[PDB]
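Q: Heads up: the sequence lines are chains A and B, in that order.
If you count by the authors' numbering, then the first sequence holds residues 1001 to 1333, 1341 to 1358, 1377 to 1476, one letter each, in order.
If you count by the authors' numbering, then the second sequence holds residues 999 to 1334, 1341 to 1358, 1377 to 1476, one letter each, in order.
In this text, a Cβ means the ideal position worked out from N, Cα and C, and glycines have one as well.
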Amino acid sequence: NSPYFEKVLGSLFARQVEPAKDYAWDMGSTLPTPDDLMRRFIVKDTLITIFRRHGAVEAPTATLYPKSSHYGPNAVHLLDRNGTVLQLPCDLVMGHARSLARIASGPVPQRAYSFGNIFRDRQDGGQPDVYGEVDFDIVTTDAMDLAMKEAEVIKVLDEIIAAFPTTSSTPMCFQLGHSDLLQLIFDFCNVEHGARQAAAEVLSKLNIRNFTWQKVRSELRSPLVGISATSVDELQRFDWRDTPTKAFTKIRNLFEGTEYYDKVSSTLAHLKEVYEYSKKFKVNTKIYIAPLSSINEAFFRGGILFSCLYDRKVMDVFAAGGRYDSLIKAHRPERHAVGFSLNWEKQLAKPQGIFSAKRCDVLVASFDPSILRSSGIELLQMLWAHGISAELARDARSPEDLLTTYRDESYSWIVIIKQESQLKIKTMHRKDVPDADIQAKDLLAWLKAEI
Amino acid sequence: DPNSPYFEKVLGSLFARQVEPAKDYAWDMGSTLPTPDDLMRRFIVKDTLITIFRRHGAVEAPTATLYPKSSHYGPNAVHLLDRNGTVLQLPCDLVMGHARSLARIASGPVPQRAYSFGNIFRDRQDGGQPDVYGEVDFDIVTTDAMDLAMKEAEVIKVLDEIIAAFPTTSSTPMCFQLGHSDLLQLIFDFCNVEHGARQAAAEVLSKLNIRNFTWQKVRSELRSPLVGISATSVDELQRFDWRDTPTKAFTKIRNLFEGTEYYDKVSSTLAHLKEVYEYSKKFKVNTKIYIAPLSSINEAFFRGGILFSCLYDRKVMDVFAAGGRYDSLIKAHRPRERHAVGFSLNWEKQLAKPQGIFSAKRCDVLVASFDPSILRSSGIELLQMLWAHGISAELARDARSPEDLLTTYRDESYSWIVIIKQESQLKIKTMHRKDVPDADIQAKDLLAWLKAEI
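#1: With 8 Å set as the bound, which would you pick, yes or no: does the beta-carbon of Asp1467 of chain B sit closer than that to a beta-carbon of chain A?
#2: Does any C-beta atom of chain B lie closer than 8 Å to the C-beta of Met1038 of chain A?
#3: Provide the residue span of the beta strand (DSSP E) that contains residue 1339 of chain A, from first to last.
#4: What does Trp1438 of chain A pair with, by DSSP beta-bridge criteria?
#5: Within 8 Å of any Cβ in chain B, is that where the Cβ of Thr1033 of chain A sits?
#6: Have a look at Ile1396 of chain A and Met1407 of chain B and give me their C-alpha separation to the nearest angstrom.
#7: So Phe1119 of chain B packs on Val1134 of chain B, CB below 8 Å; how close in whole Å?
#8: Between the segment 1091-1102 of chain B and chain A, which residues of the former have a C-beta closer than 8 Å to a C-beta of the latter?
#9: What is the DSSP secondary structure of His1411 of chain B, reduced to helix, strand or coil?
#10: Considering only DSSP beta bridges, list what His1343 of chain A is partnered with.
#11: When DSSP labels each residue in this structure, what does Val1076 of chain B get in the three-state scheme?
#12: Residues of chain B with a CB under 7 Å from the CB of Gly1083 of chain A: which are they?
#13: Does the Cβ of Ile1439 of chain A have 16 or more other Cβ atoms within 10 Å, making it buried, or fewer, making it exposed?
#14: Can you find a C-beta in chain B that's less than 8 Å from the C-beta of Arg1419 of chain A?
#15: On the DSSP bridge assignment, give the partners of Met1315 of chain A in chain order.
#16: Can the beta-carbon of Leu1203 of chain A be found less than 8 Å from the beta-carbon of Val1191 of chain A?
#17: Please report the Cβ distance between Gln1175 of chain A and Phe1306 of chain A, rounded to the nearest whole angstrom; I am assuming they are in contact, meaning their Cβ atoms lie under 8 Å.
#18: Just to check my reading of the structure: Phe1255 of chain B and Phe1188 of chain B have Cβ atoms closer than 8 Å, yes? What is that Cβ distance to the nearest angstrom?
#19: Determine the extent of the alpha helix (DSSP H) in which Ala1474 of chain A is found, giving its start and end residues.
#20: Count the CB pairs spanning the segment 1084-1100 of chain B and the segment 1451-1471 of chain A that are closer than 8 Å, and state whether there are at least three.
#21: Note down, in chain order, all residues in the segment 1276-1297 of chain B with a beta-carbon under 8 Å from any beta-carbon belonging to chain A.
#22: If you follow the beta strand (DSSP E) that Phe1119 of chain A is in, where does it begin and where does it stop?
#23: When you compare the segment 1280-1300 of chain A with the segment 1135-1155 of chain A, are there three or more beta-carbon pairs, one atom per stretch, that lie closer than 8 Å?
#24: When DSSP labels each residue in this structure, what does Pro1066 of chain A get in the three-state scheme?
#25: Taking Cβ positions, are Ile1441 of chain B and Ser1348 of chain B nearer each other than 8 Å?
#26: For chain B, is any of its Cβ atoms less than 8 Å away from the one on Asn1074 of chain A?
#27: What are the residues in the segment 1204-1220 of chain B lying within 8 Å of chain A by C-beta distance?
#28: Using a C-beta to C-beta distance shorter than 9 Å, which residues of chain A count as neighbours of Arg1422 of chain B?
#29: So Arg1241 of chain A packs on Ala1319 of chain A, CB below 8 Å; how close in whole Å?
#30: Would you kindly report the start and end of the unbroken beta strand (DSSP E) that includes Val1085 of chain A?
#31: Count the other CB atoms within 10 Å of the CB of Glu1159 of chain B; is the residue buried (16 or more) or exposed (fewer)?
#32: Inspect the beta-carbon positions of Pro1109 of chain A and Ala1059 of chain A and report whether they are closer than 8 Å.
#33: Under 8 Å between beta-carbons, which chain B residues line up against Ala1474 of chain A? List them in chain order, please.
#34: Indicate whether at least one CB of chain A lies closer than 8 Å to the CB of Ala1059 of chain B.
#35: Kindly indicate if chain A contains any beta-carbon less than 8 Å away from that of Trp1240 of chain B.
#36: Once you ignore the five residues that flank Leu1404 of chain B on each side, which residues in its own chain have a CB closer than 6 Å to its CB?
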């Protein structure tokens, strides 16, 4: 920070945009389709209904903050006028953990959900790729009942699984693990500390999308990690999952006679308590212990780790989470938190069900332009005042051409105005209901009758 | 020279330094979160807003987070550099990012009616993170210029529906003030305001009669050499410092332009505003509408189109919301098709900062028990039962007596408290009304007992 550094800086901020860069920023960009935005709205609304059941309010998310040493070159890095290097979020937990550690003493909600954007940086002058994330978090100010709170987060995911068509009839499972278990397995297997973060990162793909143990062992023995053949064969003794009571037994036997047995046992007791509470919450998706669980383990140091998976032959991640007390502490220049993160638009939005809801229930139409723009409007505003969703049609010559113009919409009813305050109603949410002429004073009563 | 190697050298260098620690703690020293009360009120407001929007068939559209800086903003804008040295900004409003995307995405279909929630940012000087405010926009976007005034009246109607829905506004007097960018420019011609000063003139005029900024304060700022409008022009502009209802106001404007070239030029513009007023009546807009010929809020965004503000029509006036038709801001982004009209509203400051909508509870039922072990067994069991029947409920902390529990939760407000006792027995304290006595029921009956209380 010499006088050199600061004059060039203010000069950088007065430089005019290279036109080629201004075009590169959004060349080729698209907007989601209008039906996409309607499926997004249904999903977001369904999700919020679930969270609110638990007494959860929505919390805000930080838009940007001083960069984290933890991320590689996929993070979007930005310089402000003081020269400090800031980033856009790669996940929501980093910002929330920072908040919990820096924001002055105050009451925070114990249960909270948040919708935010996360960003992957591009190299070709284009704007960053954006993705939607949703988190649900339970934040407490004492170490009382940490396992109960963790079971509640699992329960929320199970409720999500039940409410959506893409998950509620697909085989689904949870895999539970724990940071202390993973680090004791690492001690047991004599993995050097310098290699453990990359080891955990490789292990986070295990049995996901055909990344089988053979693939894992290649990456672990490669220069990308550098673990010895002896250490990798010992880690392989933990490449399994099982139901909790069996799993605890299998793990205790692996560690029998070692200096790690006591600390492993402590850890298994906590995982058992989370299993007990999940039965009391009546979690319906099956639960396994997977001792090499490791998704984002760096954020969950000392805490539980869990993933929610599509339990088909080739498995895929649906959501993941963990207890990230330690990520709060690492930001301290007496709060605890557990939660999950989920890419709801990818897992649930991208495709008689919840998606049967209509963007708009009533199209108000008419084949007289002047009737459309007088009586059409009065009907329209009357529907809105009674809570009914409606919009005005464009001009049209005949019902043949009106239904042709609106091929790509789905209404419950089309209401056609004609002379002498008479309406024709085409029922569109059902294909066995003929058209009917009613007096306009009767439109409300006619609608309430068909619901 | 922008082709100067000092530029790379300092960029690469500065992206490689690690955060000066004092700067890391300054970013959020003493930053405060909303209270849990604030958060439930923000949830209620946002929910009422979305109910109004969905009535019109609107869906939520995403908003851009950042983009190359615009020259339309002052030093308030948050500026940031990416690794190429491109200067980017955080938004100061949602219309800029929306108009850019409409111009640059090309692509295909766009929802006709859309709302969006987004953050806007004011820069600071003290190394603290920027101030953030929450904005909501409602926009009508079409590929055809058909029924232009009708779409504009719907946006006005939406604001009228919002006024009716919130106690903040439903009782207090409100008014709409409509103008038009062509009217404003024609007034600038007639008053002989030099083209080079018109942008500064409209920025000053956008404060007129807001928060005590009377005309004499307006005259001060236009005469000052920063702006430099002649005293003869400022007095001719004063001939337009008024508002009237539409028919009267159209008449005053024709009288003022009578016998000049501008009589005929303003004519088509006055007809457009007349059509918007009449579609307002058809939409049953209750808030009174004035024509204010010097309307100029963000006029740079609304060249060639209507402008309008929604005001607290008290003695001293303030802005509730504002907007206009920004076809031309879309056109200004075309690299060298789309028409859009909408409003923007700082919904947290206007509606969320304090039956009624704000009576709804964050949590309906507190599940409690004075036996620690019952709390953590049947407590949890009752809890998931409720959640499976759509009822909001949370578990209580340990408590020795109801005196203890009721005050541990003194700063909370439930509609029922449920105390589990030995056997399948519940003691229920009704908490919304203070005239209902405690009733002991069977656990097997909690559902029907609640269904029969609402």
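A: On the basis of the data shown:
#1: no
#2: yes
#3: Absent here is residue 1339 of chain A, because the residues of chain A run from 1333 on to 1341 with nothing modelled in between.
#4: A:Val1387, A:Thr1452
#5: yes
#6: 53 Å
#7: No, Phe1119 of chain B and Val1134 of chain B are not in contact; Cβ-Cβ is about 16 Å, not under 8 Å.
#8: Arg1098, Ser1099, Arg1102
#9: coil
#10: A:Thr1140
#11: coil
#12: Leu1012
#13: buried
#14: yes
#15: A:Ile1208
#16: no
#17: 7 Å
#18: 7 Å
#19: 1468-1474
#20: no
#21: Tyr1277, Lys1280, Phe1281, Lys1282
#22: 1111-1120
#23: yes
#24: strand
#25: no
#26: no
#27: none
#28: Those do not exist, as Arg1422 of chain B stays about 15 Å from chain A at its closest Cβ, beyond 9 Å.
#29: At roughly 17 Å, the Cβ-Cβ gap does not stay under 8 Å, so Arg1241 of chain A and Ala1319 of chain A are not in contact.
#30: 1085-1087
#31: buried
#32: yes
#33: Result: empty, since nearest Cβ-Cβ is about 21 Å, beyond 8 Å.
#34: yes
#35: no
#36: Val1389
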